[PDB]
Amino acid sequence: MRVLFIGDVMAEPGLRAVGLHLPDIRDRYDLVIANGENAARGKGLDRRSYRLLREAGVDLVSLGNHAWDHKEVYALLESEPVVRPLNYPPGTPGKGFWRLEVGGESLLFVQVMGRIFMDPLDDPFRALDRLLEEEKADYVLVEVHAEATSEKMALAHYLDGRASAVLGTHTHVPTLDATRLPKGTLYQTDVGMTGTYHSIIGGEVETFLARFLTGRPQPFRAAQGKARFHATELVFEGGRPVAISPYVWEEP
């Protein structure tokens, strides 16, 4: 099977890039997965954004810690192809994984959340052991939403030979390190954000700068401008991880 994972869809720019370009390339994949944690104006996921992602060809959407920003996410999380970090404590709405079926083969998608430099949560390492224990598929893709590169790599290595591929997100900047670990698992530190980089982490330049220059609070505002579409191609065949390719498209 051929899978395309779309990195963090920011606000309008991110949504526009996906809706504008994905249709032109959907023919090339069996499944498309995209992180839509900030798909709604730069904060949370809402019904509108979700429908737009799906209409562009997205089969499954992952979140992050900005997942509870909208009340519209709960409805989505319980009846739609949407997943929040598995890493969350018991009694947390939604699912931490999703099983995708395609042409006789299955793919288990798991999103997990890093802990260093972030809010304390369940051990992502052992949460993955428990999940891989009771859930089997031909291929396993694990999204590591985290700040620390070492933590992402520690998870990749801990998952080597078990997961088919491990892709990191949340850092909003694409990495040039796509490779395969010793036991054959594909890995990339960060797929990057899809949205406009004519910003600072997707936020409005002056607003974030003021945030850094004054040390005082600043209303979050999403930047607007031409965007970039960042995703990573993954090929899985023979129960094996075959290739990983960072992809990029620019809004004319």
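Throughout, we count residues from 1 along the sequence that is shown.
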Stretch with the higher entry mean CA B-factor, where the candidates are 136 to 144 and 85 to 93: 85 to 93
Stretch exceeding the other in mean C-alpha B-factor - 198 to 206, 41 to 49: 41 to 49
Residue, from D122, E105, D177, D160, that the PDB entry assigns the highest Cα B-factor: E105
Deposited CA B-factor, highest of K71, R126, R115, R99: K71
Assigned third (lowest, middle, highest) for the C-alpha B factor of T189: middle
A156 CA temperature factor, ranked by third within the chain: middle
Third of the chain, ranked by Cα B-factor, where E237 sits: highest
Chain-wide C-alpha B factor ranking for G57, given as lowest, middle or highest third: middle
Within-chain third of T171 by Cα B-factor, per the entry: highest
